[PDB]
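Peer 1: This is the structure I want to talk about, given as structure tokens.
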Amino acid sequence: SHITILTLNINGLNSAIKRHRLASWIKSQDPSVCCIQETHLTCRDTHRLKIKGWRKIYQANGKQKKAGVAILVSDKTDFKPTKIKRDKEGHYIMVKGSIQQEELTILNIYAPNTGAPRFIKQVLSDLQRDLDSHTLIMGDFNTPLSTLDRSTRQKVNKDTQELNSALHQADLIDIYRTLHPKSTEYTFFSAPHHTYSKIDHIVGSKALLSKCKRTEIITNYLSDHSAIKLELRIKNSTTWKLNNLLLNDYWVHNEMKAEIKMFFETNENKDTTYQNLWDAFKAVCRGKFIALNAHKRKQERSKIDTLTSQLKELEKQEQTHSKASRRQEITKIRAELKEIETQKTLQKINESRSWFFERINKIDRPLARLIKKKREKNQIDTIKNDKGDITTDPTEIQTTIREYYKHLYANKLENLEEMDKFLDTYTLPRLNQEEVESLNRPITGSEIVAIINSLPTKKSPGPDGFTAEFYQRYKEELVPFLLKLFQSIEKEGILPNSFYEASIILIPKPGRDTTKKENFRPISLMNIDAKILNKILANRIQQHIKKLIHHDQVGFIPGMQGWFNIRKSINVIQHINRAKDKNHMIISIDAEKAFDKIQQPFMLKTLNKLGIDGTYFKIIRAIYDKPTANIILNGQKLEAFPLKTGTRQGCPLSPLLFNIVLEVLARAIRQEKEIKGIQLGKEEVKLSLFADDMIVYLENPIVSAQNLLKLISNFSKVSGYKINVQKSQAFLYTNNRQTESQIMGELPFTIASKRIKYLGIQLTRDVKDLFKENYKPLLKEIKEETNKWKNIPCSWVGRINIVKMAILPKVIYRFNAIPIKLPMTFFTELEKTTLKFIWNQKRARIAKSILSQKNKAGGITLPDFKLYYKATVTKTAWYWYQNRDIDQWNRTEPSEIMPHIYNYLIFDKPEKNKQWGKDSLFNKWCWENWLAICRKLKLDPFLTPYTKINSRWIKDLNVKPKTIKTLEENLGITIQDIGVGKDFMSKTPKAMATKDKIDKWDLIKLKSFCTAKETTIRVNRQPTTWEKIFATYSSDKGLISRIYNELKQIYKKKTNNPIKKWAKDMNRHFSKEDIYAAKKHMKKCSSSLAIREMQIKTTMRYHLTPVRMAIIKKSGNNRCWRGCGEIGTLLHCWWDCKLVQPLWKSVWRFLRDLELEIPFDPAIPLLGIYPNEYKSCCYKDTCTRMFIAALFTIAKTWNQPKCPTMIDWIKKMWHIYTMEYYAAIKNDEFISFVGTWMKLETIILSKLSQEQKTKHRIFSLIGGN
RNA sequence: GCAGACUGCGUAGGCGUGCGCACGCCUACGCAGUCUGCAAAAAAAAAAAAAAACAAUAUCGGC
DNA sequence: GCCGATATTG
Ligand SMILES: Cc1cn([C@H]2C[C@H](O)[C@@H](COP(=O)(O)OP(=O)(O)OP(=O)(O)O)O2)c(=O)[nH]c1=O
């Protein structure tokens, strides 16, 4: 073990290309510590020095752009800083700390070029107290220490002798001279003097020499000065993870195909089982990927390799003898190396910039991680230990964590008889024979390939490096081998030993003290193939889960939505409020460390008791046979500690198995008649909640809660399911204070007299406070959450997407959970804050009406929270119409009236004089909203094509229910299928059969009703989209989106369109076709949202012109902000301005140079409204980019007397060109890109001179140079 | 010259209250009218994907 | 419809 410390005088870091190339070179050297001098960064520019892959970066920056220092410590180096001193001018930075329990004192110094020894001595006197036997003084000393440090071999000056004396008194020595007494190497070459000299030195105490390993001066072309690289011995491999980018090269892809094929053609035979063969293939592919990555790195910089080899040989020749022609050749080849490295670094940085440009403002990773605060460092370094100690020692903290989790997962409680007794007491659903054989059906390549295709991307790999992009890429050839492996696994029931491998990582629990070990959630990364097998099993069991779990559970269950329970719970609480005798309670049980306290033997026993037997259960038992988990703590893979209990918390199959296991407890609670839950109408609602979270409602708590605790204790004893009774709240209701007190006594639960947080919702003790506890906070939160974004660096489009991404999901979730009649003040406040954020505390530049309108209007669909609220509220009508027996949440309401009538009211008569209850919280408001929408559509909502066969019309025909059952089971469910008029029972042979099968009285009743003229006309008319939205769809997926789109269409205000105003001030009527074309162009002018944002801003008259400012300020100066002396109308500023005209004239010179005779029409560039006769999109693709570049050019200098120069337009065009080039290469759209850019590149290259393009880095990309 | 706030006029729908009318609230709505952040923009931001998984749900968009 | 991305609950 050695510590590599590197020092370098980079002579400024302003050049980004030089920054990264030093950052790429420093990556190659892999130093343990790096000291950098003359960063040319200010305290304001500390943001600039942000390098990926390195976190602990300490900076000392001066005010001016002359100095500034920083120290980089390798992530492989565990330096624990204690005290830091920084120079206000960057000449020095002090840092005291320890490395691996070895104290280390590091000093960085940049002495002035003149009189450095005196300045250094002053630093020594100031830091005399800080020097110890572990001192490292670094930086730019600006002086040589010995005669051998100068090429001229000139005597060390008297200042050096005094400086050396000062170092000697401080027991500090020149390490390089000590370790290389006879080395005459030098770091900097002085061109004016033609002399080499070693003026940067590594100085430390002699005691460190025993630790010192090796020091060397590494001549480099990245800077005039060479770095000194010292290795320091300390008292004594990471996991390989495949890189997605590696798969993008064709050569490596073909090589991997060939390697896979040759392996499975060579290593296949009878003597080996397919599991061990698969593991061997994994290892071989791992080694092959490592080797081919090395080969790819070699080839990619092979030119650099040969050039640096030539430089090494010629530099050795120079050192042994220096020659003038050798000097000039060395200089030329060094320039060649610089140009090649600049080429590669520009490639890399522009590829990154293109990636950002393609996602600059979209709702995507860049925006999501811009909005989110800087990630809190999950790398733990000190935790309140078991007894009382905070602790910091890495090995002791690792031991604490590892032992904690090893003890957590090492418990099976082998008491199978007790598990049998518990399971054979609460009869629970069993899968029929058909479903059993469905689970055990053979694995099909179609199934595996479907899983692979659905396999999430951009996900961390498991203990093996393969990252689920590897399987997708080699899907076509791997899938057969995966199928063979799964066939072997199902036949034999033994998994490859690599399947059990998993990597636990400790993610902090939000809102919890990270210093406690117990507050970390261990999430598991599993081998992707193991995850494929587990996803297969999870999908298999999921095909039958609906009948396997009661609808009380809505966590991890397809098609069930969490808000169900919320509404249910709230209804229950409302009932409690309305009850005369309030003797009841609700408890929010929260499982402690669920998925980890689950006992695998009990889970397997439950699955066996469920009828899951055979191949599927064999594989389930195998996957839990010998699971293992390594804890990747601080990047170190700790020991294995096989987890004897719990279910892997990152496994696809774990949620389903946990739900199945806890369904046993749910069934037990429901069966127990002495745990009587609240009774609403004709339904019993004992308990319902997400997977591990449970909420129970109980009557007569004194006894029911005690019985519940007894049952939970039995379940915990039998299965390990433990509840943290302390962190498990409850509302208690009793009409006697003494009863409340004694219940508090017996019950071990903490009674929350105000509220309970529950699925992100503040359930309120009294429902009347719901809003005050749920929306008023949320609204306030949004305000706060947006106030910290006041200065967020995003454009109005970026802010709109930020709202849509961060606030909208939160607001919609709140609406879904609590669709109570919200006062309009809430929506006014929410819209006000949202808009104010979007326009950063200024007046909205674009009309809210324009943006709110659909994307057809060219905008970005500024979300309308009022319409989202209405959509969410009216959504419940879908469940009303469906009348599902599982949505018990809907039927739990005040029962003043016959509660059964809710599935009605949708496409059936209104029960005039019949009230739904003043106490109704959700359904009454949904009814009001649904009626409002139906009235707005001016449709009849009581008899429609989708009226169910039995809602009230047939019922009001006093039809026997058996007749309704016959009609339902024969033909369909809607009146339409029955038919009306001529078509009554006259459209299918089954219709005739039913017509014959009904009794004469009911038959004639249906004849009288259906064939009536009014019903015929009201049922036959084609159904509107709003009705298909609640009848045609049998699934509630995407329902809010569809309802909101329909509402958007319905409530589409007639706004003051700004394209029409462009027509007006251009005195030229635009045809509807012209408006449509302008909107289409604004929609698809470019993929990147910066280009589209520019086009949208120009089209929507975003830029406020001197006319606007004159009117608002009432000042008469309408003169354009350029000295043009004309009126400052928008068309002037964009098109008609003598200072803006030359740019458009140049653009038209380019157009004609492109053999394009297009009219000199402002509409074409400013809006894309091409003349009707001109429709050749081939040239439009280029013209759009040319025009938008011109628009950017004008906008940048939108108000300066400065003329938008041609060169600015060229530069912006090339910016777009490079971004699109790399984006297309990554997206494989290269042919279209060349088609739309080749001629333009040719003209641009011809127009410019070599000097100008070189200065602006305008080297061609499509064509070689 | 865009928009919201907001005064008033007023259409219609609903809910609650009172004895066809009156009151209170809300919705959607057009009109006239006062403002009102204001320099001017491009700041560059980096904003970084890349590590920390899993199930389900919702949203958005592009194809 | 798919196919990416984001948040919501665990
Ligand atoms: C929050 C979260 C939960 N889960 C799963 C694993 C958990 O066992 C299960 C329930 O989570 P929670 O109930 O939210 O957490 P918990 O009950 O395990 O924590 P505590 O013991 O302190 O109450 O959901 C994840 O897989 N990933 C996650 O990020």
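Letters A, B, ... go to the chains of the structure tokens in the order shown; residues in each chain start at 1; ligands are counted from 1 in the same order.
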Dump the neighbourhood of ligand 1 as a PDB file with N, CA and C atoms (P, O5', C5', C4', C3', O3' and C1' of nucleotides), in the first residue's frame: all residues within 10 Å, distances computed on only C-alpha atoms (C1' of nucleotides) and all ligand atoms.

Peer 2:
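Result file is selection38.pdb:
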ATOM      1  N   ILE A 507     -29.270   2.585   2.453  1.00  0.00           N
ATOM      2  CA  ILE A 507     -29.856   3.866   2.059  1.00  0.00           C
ATOM      3  C   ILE A 507     -30.485   4.476   3.308  1.00  0.00           C
ATOM      4  N   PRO A 508     -30.161   5.714   3.674  1.00  0.00           N
ATOM      5  CA  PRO A 508     -30.764   6.289   4.882  1.00  0.00           C
ATOM      6  C   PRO A 508     -32.277   6.389   4.761  1.00  0.00           C
ATOM      7  N   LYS A 509     -32.958   6.141   5.874  1.00  0.00           N
ATOM      8  CA  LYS A 509     -34.404   6.320   5.921  1.00  0.00           C
ATOM      9  C   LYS A 509     -34.730   7.804   6.060  1.00  0.00           C
ATOM     10  N   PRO A 510     -35.551   8.373   5.177  1.00  0.00           N
ATOM     11  CA  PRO A 510     -35.866   9.800   5.297  1.00  0.00           C
ATOM     12  C   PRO A 510     -36.501  10.121   6.642  1.00  0.00           C
ATOM     13  N   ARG A 512     -35.051  10.315   9.557  1.00  0.00           N
ATOM     14  CA  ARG A 512     -34.529   9.481  10.627  1.00  0.00           C
ATOM     15  C   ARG A 512     -33.074   9.839  10.879  1.00  0.00           C
ATOM     16  N   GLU A 518     -29.624   1.478  12.988  1.00  0.00           N
ATOM     17  CA  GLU A 518     -30.925   0.883  12.716  1.00  0.00           C
ATOM     18  C   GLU A 518     -31.779   1.716  11.773  1.00  0.00           C
ATOM     19  N   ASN A 519     -31.380   2.945  11.468  1.00  0.00           N
ATOM     20  CA  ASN A 519     -32.180   3.833  10.640  1.00  0.00           C
ATOM     21  C   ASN A 519     -31.824   3.744   9.163  1.00  0.00           C
ATOM     22  N   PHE A 520     -31.009   2.769   8.772  1.00  0.00           N
ATOM     23  CA  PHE A 520     -30.666   2.547   7.376  1.00  0.00           C
ATOM     24  C   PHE A 520     -31.471   1.383   6.819  1.00  0.00           C
ATOM     25  N   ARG A 521     -31.999   1.567   5.614  1.00  0.00           N
ATOM     26  CA  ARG A 521     -32.689   0.504   4.906  1.00  0.00           C
ATOM     27  C   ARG A 521     -31.684  -0.246   4.045  1.00  0.00           C
ATOM     28  N   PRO A 522     -31.479  -1.541   4.258  1.00  0.00           N
ATOM     29  CA  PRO A 522     -30.567  -2.305   3.399  1.00  0.00           C
ATOM     30  C   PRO A 522     -31.279  -2.767   2.140  1.00  0.00           C
ATOM     31  N   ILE A 523     -30.917  -2.175   1.010  1.00  0.00           N
ATOM     32  CA  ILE A 523     -31.506  -2.529  -0.275  1.00  0.00           C
ATOM     33  C   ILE A 523     -30.502  -3.366  -1.047  1.00  0.00           C
ATOM     34  N   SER A 524     -30.994  -4.417  -1.692  1.00  0.00           N
ATOM     35  CA  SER A 524     -30.148  -5.442  -2.281  1.00  0.00           C
ATOM     36  C   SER A 524     -30.056  -5.262  -3.788  1.00  0.00           C
ATOM     37  N   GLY A 555     -51.296  -2.767  -1.661  1.00  0.00           N
ATOM     38  CA  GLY A 555     -49.885  -2.517  -1.883  1.00  0.00           C
ATOM     39  C   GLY A 555     -49.279  -3.637  -2.705  1.00  0.00           C
ATOM     40  N   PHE A 556     -48.601  -3.256  -3.783  1.00  0.00           N
ATOM     41  CA  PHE A 556     -47.971  -4.179  -4.716  1.00  0.00           C
ATOM     42  C   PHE A 556     -48.981  -5.004  -5.497  1.00  0.00           C
ATOM     43  N   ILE A 589     -51.022   0.434  12.700  1.00  0.00           N
ATOM     44  CA  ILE A 589     -49.917  -0.491  12.895  1.00  0.00           C
ATOM     45  C   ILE A 589     -48.909  -0.287  11.776  1.00  0.00           C
ATOM     46  N   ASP A 590     -47.635  -0.187  12.134  1.00  0.00           N
ATOM     47  CA  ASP A 590     -46.554  -0.189  11.160  1.00  0.00           C
ATOM     48  C   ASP A 590     -45.612  -1.334  11.494  1.00  0.00           C
ATOM     49  N   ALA A 591     -45.379  -2.207  10.521  1.00  0.00           N
ATOM     50  CA  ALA A 591     -44.453  -3.309  10.719  1.00  0.00           C
ATOM     51  C   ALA A 591     -43.042  -2.776  10.904  1.00  0.00           C
ATOM     52  N   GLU A 592     -42.319  -3.352  11.857  1.00  0.00           N
ATOM     53  CA  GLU A 592     -40.929  -2.988  12.090  1.00  0.00           C
ATOM     54  C   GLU A 592     -40.043  -3.820  11.174  1.00  0.00           C
ATOM     55  N   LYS A 593     -39.301  -3.146  10.301  1.00  0.00           N
ATOM     56  CA  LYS A 593     -38.287  -3.799   9.479  1.00  0.00           C
ATOM     57  C   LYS A 593     -38.885  -4.942   8.666  1.00  0.00           C
ATOM     58  N   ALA A 594     -40.057  -4.706   8.081  1.00  0.00           N
ATOM     59  CA  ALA A 594     -40.694  -5.701   7.229  1.00  0.00           C
ATOM     60  C   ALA A 594     -39.731  -6.136   6.135  1.00  0.00           C
ATOM     61  N   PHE A 595     -40.012  -7.271   5.494  1.00  0.00           N
ATOM     62  CA  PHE A 595     -39.164  -7.838   4.446  1.00  0.00           C
ATOM     63  C   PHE A 595     -37.870  -8.397   5.021  1.00  0.00           C
ATOM     64  N   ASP A 596     -37.607  -8.133   6.295  1.00  0.00           N
ATOM     65  CA  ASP A 596     -36.427  -8.632   6.977  1.00  0.00           C
ATOM     66  C   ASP A 596     -36.768  -9.486   8.178  1.00  0.00           C
ATOM     67  N   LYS A 597     -37.865  -9.184   8.864  1.00  0.00           N
ATOM     68  CA  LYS A 597     -38.375 -10.019   9.934  1.00  0.00           C
ATOM     69  C   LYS A 597     -39.236 -11.159   9.416  1.00  0.00           C
ATOM     70  N   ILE A 598     -39.452 -11.241   8.103  1.00  0.00           N
ATOM     71  CA  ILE A 598     -40.200 -12.355   7.537  1.00  0.00           C
ATOM     72  C   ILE A 598     -39.358 -13.616   7.630  1.00  0.00           C
ATOM     73  N   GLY A 646     -35.964 -13.023   6.441  1.00  0.00           N
ATOM     74  CA  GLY A 646     -36.310 -11.907   5.593  1.00  0.00           C
ATOM     75  C   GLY A 646     -36.382 -12.314   4.138  1.00  0.00           C
ATOM     76  N   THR A 647     -36.909 -11.400   3.335  1.00  0.00           N
ATOM     77  CA  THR A 647     -36.974 -11.559   1.892  1.00  0.00           C
ATOM     78  C   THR A 647     -36.179 -10.431   1.257  1.00  0.00           C
ATOM     79  N   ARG A 648     -35.326 -10.780   0.300  1.00  0.00           N
ATOM     80  CA  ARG A 648     -34.428  -9.813  -0.315  1.00  0.00           C
ATOM     81  C   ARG A 648     -35.184  -8.551  -0.702  1.00  0.00           C
ATOM     82  N   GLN A 649     -34.749  -7.418  -0.158  1.00  0.00           N
ATOM     83  CA  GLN A 649     -35.502  -6.173  -0.258  1.00  0.00           C
ATOM     84  C   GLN A 649     -35.376  -5.496  -1.615  1.00  0.00           C
ATOM     85  N   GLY A 650     -34.568  -6.034  -2.520  1.00  0.00           N
ATOM     86  CA  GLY A 650     -34.483  -5.506  -3.867  1.00  0.00           C
ATOM     87  C   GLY A 650     -34.879  -6.533  -4.906  1.00  0.00           C
ATOM     88  N   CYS A 651     -35.548  -7.594  -4.471  1.00  0.00           N
ATOM     89  CA  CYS A 651     -35.932  -8.657  -5.389  1.00  0.00           C
ATOM     90  C   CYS A 651     -37.332  -8.399  -5.941  1.00  0.00           C
ATOM     91  N   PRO A 652     -37.569  -8.631  -7.235  1.00  0.00           N
ATOM     92  CA  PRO A 652     -38.921  -8.418  -7.770  1.00  0.00           C
ATOM     93  C   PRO A 652     -39.968  -9.275  -7.095  1.00  0.00           C
ATOM     94  N   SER A 654     -39.965 -10.344  -3.951  1.00  0.00           N
ATOM     95  CA  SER A 654     -40.129 -10.119  -2.518  1.00  0.00           C
ATOM     96  C   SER A 654     -41.438  -9.425  -2.178  1.00  0.00           C
ATOM     97  N   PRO A 655     -41.855  -8.366  -2.876  1.00  0.00           N
ATOM     98  CA  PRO A 655     -43.134  -7.731  -2.521  1.00  0.00           C
ATOM     99  C   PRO A 655     -44.313  -8.687  -2.551  1.00  0.00           C
ATOM    100  N   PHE A 658     -44.100 -11.172   0.424  1.00  0.00           N
ATOM    101  CA  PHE A 658     -44.449 -10.510   1.673  1.00  0.00           C
ATOM    102  C   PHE A 658     -45.944 -10.271   1.761  1.00  0.00           C
ATOM    103  N   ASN A 659     -46.558  -9.836   0.659  1.00  0.00           N
ATOM    104  CA  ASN A 659     -48.001  -9.641   0.662  1.00  0.00           C
ATOM    105  C   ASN A 659     -48.722 -10.942   0.959  1.00  0.00           C
ATOM    106  N   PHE A 690     -51.596  -0.810   2.926  1.00  0.00           N
ATOM    107  CA  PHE A 690     -50.503  -1.242   2.068  1.00  0.00           C
ATOM    108  C   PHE A 690     -49.792  -2.457   2.641  1.00  0.00           C
ATOM    109  N   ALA A 691     -48.756  -2.924   1.940  1.00  0.00           N
ATOM    110  CA  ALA A 691     -48.179  -4.232   2.219  1.00  0.00           C
ATOM    111  C   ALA A 691     -47.942  -4.447   3.706  1.00  0.00           C
ATOM    112  N   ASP A 692     -46.973  -3.741   4.277  1.00  0.00           N
ATOM    113  CA  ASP A 692     -46.637  -3.931   5.681  1.00  0.00           C
ATOM    114  C   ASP A 692     -47.377  -2.960   6.582  1.00  0.00           C
ATOM    115  N   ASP A 693     -47.576  -1.732   6.121  1.00  0.00           N
ATOM    116  CA  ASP A 693     -48.408  -0.792   6.849  1.00  0.00           C
ATOM    117  C   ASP A 693     -49.824  -1.341   6.931  1.00  0.00           C
ATOM    118  N   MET A 694     -50.394  -1.343   8.131  1.00  0.00           N
ATOM    119  CA  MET A 694     -51.773  -1.763   8.328  1.00  0.00           C
ATOM    120  C   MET A 694     -52.485  -0.736   9.185  1.00  0.00           C
ATOM    121  N   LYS A 722     -42.946  -8.387  13.324  1.00  0.00           N
ATOM    122  CA  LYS A 722     -42.937  -7.577  14.530  1.00  0.00           C
ATOM    123  C   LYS A 722     -43.421  -6.172  14.213  1.00  0.00           C
ATOM    124  N   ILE A 723     -44.183  -5.595  15.136  1.00  0.00           N
ATOM    125  CA  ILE A 723     -44.691  -4.235  15.011  1.00  0.00           C
ATOM    126  C   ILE A 723     -43.996  -3.372  16.051  1.00  0.00           C
ATOM    127  N   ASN A 724     -43.515  -2.208  15.624  1.00  0.00           N
ATOM    128  CA  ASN A 724     -42.912  -1.235  16.533  1.00  0.00           C
ATOM    129  C   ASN A 724     -44.045  -0.465  17.200  1.00  0.00           C
ATOM    130  N   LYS A 727     -43.794   3.428  17.574  1.00  0.00           N
ATOM    131  CA  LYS A 727     -44.032   4.230  16.375  1.00  0.00           C
ATOM    132  C   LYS A 727     -45.255   3.732  15.611  1.00  0.00           C
ATOM    133  N   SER A 728     -46.368   3.594  16.331  1.00  0.00           N
ATOM    134  CA  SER A 728     -47.617   3.079  15.773  1.00  0.00           C
ATOM    135  C   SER A 728     -48.755   3.841  16.440  1.00  0.00           C
ATOM    136  N   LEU A 759     -49.770   7.050   4.485  1.00  0.00           N
ATOM    137  CA  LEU A 759     -49.667   7.070   3.028  1.00  0.00           C
ATOM    138  C   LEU A 759     -49.540   8.496   2.502  1.00  0.00           C
TER     139      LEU A 759
ATOM    140  P     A B  52     -24.440   3.207  -5.303  1.00  0.00           P
ATOM    141  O5'   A B  52     -25.505   2.030  -5.209  1.00  0.00           O
ATOM    142  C5'   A B  52     -26.210   1.592  -6.360  1.00  0.00           C
ATOM    143  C4'   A B  52     -27.698   1.730  -6.177  1.00  0.00           C
ATOM    144  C3'   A B  52     -28.369   2.837  -6.969  1.00  0.00           C
ATOM    145  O3'   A B  52     -28.564   2.505  -8.338  1.00  0.00           O
ATOM    146  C1'   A B  52     -29.142   2.871  -4.731  1.00  0.00           C
ATOM    147  P     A B  53     -29.998   2.094  -8.943  1.00  0.00           P
ATOM    148  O5'   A B  53     -30.317   0.678  -8.287  1.00  0.00           O
ATOM    149  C5'   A B  53     -31.387  -0.110  -8.783  1.00  0.00           C
ATOM    150  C4'   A B  53     -31.637  -1.342  -7.951  1.00  0.00           C
ATOM    151  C3'   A B  53     -33.057  -1.879  -8.018  1.00  0.00           C
ATOM    152  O3'   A B  53     -33.257  -2.718  -9.141  1.00  0.00           O
ATOM    153  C1'   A B  53     -32.381  -1.720  -5.757  1.00  0.00           C
ATOM    154  P     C B  54     -34.587  -2.583 -10.023  1.00  0.00           P
ATOM    155  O5'   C B  54     -35.708  -3.170  -9.070  1.00  0.00           O
ATOM    156  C5'   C B  54     -35.577  -4.472  -8.531  1.00  0.00           C
ATOM    157  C4'   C B  54     -36.736  -4.794  -7.635  1.00  0.00           C
ATOM    158  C3'   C B  54     -38.091  -4.355  -8.152  1.00  0.00           C
ATOM    159  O3'   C B  54     -38.640  -5.273  -9.074  1.00  0.00           O
ATOM    160  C1'   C B  54     -37.853  -3.711  -5.890  1.00  0.00           C
ATOM    161  P     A B  55     -39.674  -4.768 -10.186  1.00  0.00           P
ATOM    162  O5'   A B  55     -41.045  -4.681  -9.397  1.00  0.00           O
ATOM    163  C5'   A B  55     -41.604  -5.836  -8.797  1.00  0.00           C
ATOM    164  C4'   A B  55     -42.901  -5.512  -8.114  1.00  0.00           C
ATOM    165  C3'   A B  55     -43.835  -4.605  -8.892  1.00  0.00           C
ATOM    166  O3'   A B  55     -44.607  -5.300  -9.849  1.00  0.00           O
ATOM    167  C1'   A B  55     -43.621  -3.795  -6.695  1.00  0.00           C
TER     168        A B  55
ATOM    169  P    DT C   9     -45.491  10.075  -0.591  1.00  0.00           P
ATOM    170  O5'  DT C   9     -45.902   8.538  -0.477  1.00  0.00           O
ATOM    171  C5'  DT C   9     -47.252   8.186  -0.214  1.00  0.00           C
ATOM    172  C4'  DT C   9     -47.440   6.679  -0.210  1.00  0.00           C
ATOM    173  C3'  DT C   9     -46.395   5.898   0.556  1.00  0.00           C
ATOM    174  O3'  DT C   9     -46.680   5.876   1.945  1.00  0.00           O
ATOM    175  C1'  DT C   9     -46.863   4.833  -1.525  1.00  0.00           C
ATOM    176  P    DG C  10     -45.572   5.652   3.015  1.00  0.00           P
ATOM    177  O5'  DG C  10     -46.124   4.144   2.661  1.00  0.00           O
ATOM    178  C5'  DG C  10     -45.512   3.057   3.288  1.00  0.00           C
ATOM    179  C4'  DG C  10     -45.700   1.811   2.440  1.00  0.00           C
ATOM    180  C3'  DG C  10     -44.769   0.711   2.954  1.00  0.00           C
ATOM    181  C1'  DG C  10     -44.397   1.254   0.645  1.00  0.00           C
TER     182       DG C  10
END

Peer 1: Need the shell around residue A:1201: protein/DNA/RNA residues with any atom at most 12 Å away, counting only C-alpha atoms (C1' of nucleotides). Skip same-chain ones fewer than 6 positions apart. Format as a PyMOL selection string?

Peer 2: chain A and resi 1119-1125+1133+1137-1140+1194

Peer 1: Kindly determine which residues of chain B lie within 7 Å of chain A, considering only C-alpha atoms (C1' of nucleotides), and give the answer as a list in words.

Peer 2: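 Residues of chain B within 7 Å of chain A, counting only C-alpha atoms (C1' of nucleotides): residues 1, 2, 3, 37, 40, 41, 42, 45, 47, 48, 49, 51, 52, 53, 54, 55, 56, 57 and 59 of chain B.
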
Peer 1: So that I have them on file, write out the residues from the current selection with C-alpha atoms (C1' of nucleotides), as a PDB file, in the first residue's frame.

Peer 2:
ATOM      1  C1'   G B   1     -49.628  46.039 -24.808  1.00  0.00           C
ATOM      2  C1'   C B   2     -49.732  40.425 -22.550  1.00  0.00           C
ATOM      3  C1'   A B   3     -51.598  38.888 -18.412  1.00  0.00           C
ATOM      4  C1'   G B  37     -42.262  43.719 -12.735  1.00  0.00           C
ATOM      5  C1'   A B  40     -33.887  44.222 -20.839  1.00  0.00           C
ATOM      6  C1'   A B  41     -32.823  39.291 -22.242  1.00  0.00           C
ATOM      7  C1'   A B  42     -29.922  35.189 -23.619  1.00  0.00           C
ATOM      8  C1'   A B  45     -26.737  27.184 -15.365  1.00  0.00           C
ATOM      9  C1'   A B  47     -28.166  20.755 -14.221  1.00  0.00           C
ATOM     10  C1'   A B  48     -25.725  15.382 -14.787  1.00  0.00           C
ATOM     11  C1'   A B  49     -27.380  10.833 -16.652  1.00  0.00           C
ATOM     12  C1'   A B  51     -25.706   4.323  -9.001  1.00  0.00           C
ATOM     13  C1'   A B  52     -29.142   2.871  -4.731  1.00  0.00           C
ATOM     14  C1'   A B  53     -32.381  -1.720  -5.757  1.00  0.00           C
ATOM     15  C1'   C B  54     -37.853  -3.711  -5.890  1.00  0.00           C
ATOM     16  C1'   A B  55     -43.621  -3.795  -6.695  1.00  0.00           C
ATOM     17  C1'   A B  56     -47.649  -1.232  -7.829  1.00  0.00           C
ATOM     18  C1'   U B  57     -49.915   3.528  -8.933  1.00  0.00           C
ATOM     19  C1'   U B  59     -48.414  11.933 -14.658  1.00  0.00           C
TER      20        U B  59
END

Peer 1: For atom CA of residue A:109 and atom CA of residue A:149, determine how far apart the two atoms are, in Å to one decimal place.

Peer 2: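 Value for the atom CA of residue A:109-atom CA of residue A:149 distance: 18.8 Å.
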
Peer 1: Would you compute the distance between atom CA of residue A:1257 and atom CA of residue A:1238? Give it in Å to one decimal.

Peer 2: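 Here the two named atoms are 17.9 Å from each other.
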
Peer 1: How would you write, as number ranges by chain, the set of residues in stretch 681-896 of chain A that DSSP gives as strand (DSSP E or B)?

Peer 2: A: 683-684, 687, 694-699, 723, 729-733, 750-751, 755-758, 761-764

Peer 1: Excluding residue B:5 and residues on its chain fewer than 3 positions from it, collect all residues at most 12 Å away from it, counting only C-alpha atoms (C1' of nucleotides), and give them as a list in words.

Peer 2: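 So the residues in contact are residues 828, 829, 832 and 843 of chain A; 34, 35 and 36 of chain B.
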
Peer 1: Chain C near chain A within 10 Å: what's each residue's closest atom pair and its distance in Å to one decimal, counting only C-alpha atoms (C1' of nucleotides), ordered by chain then ascending residue number, as a Markdown table?

Peer 2:
| residue | atom | partner | partner_atom | distance |
| --- | --- | --- | --- | --- |
| C:4 | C1' | A:364 | CA | 9.1 |
| C:5 | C1' | A:364 | CA | 4.9 |
| C:6 | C1' | A:805 | CA | 5.5 |
| C:7 | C1' | A:809 | CA | 5.4 |
| C:8 | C1' | A:813 | CA | 6.6 |
| C:9 | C1' | A:759 | CA | 5.8 |
| C:10 | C1' | A:690 | CA | 6.7 |
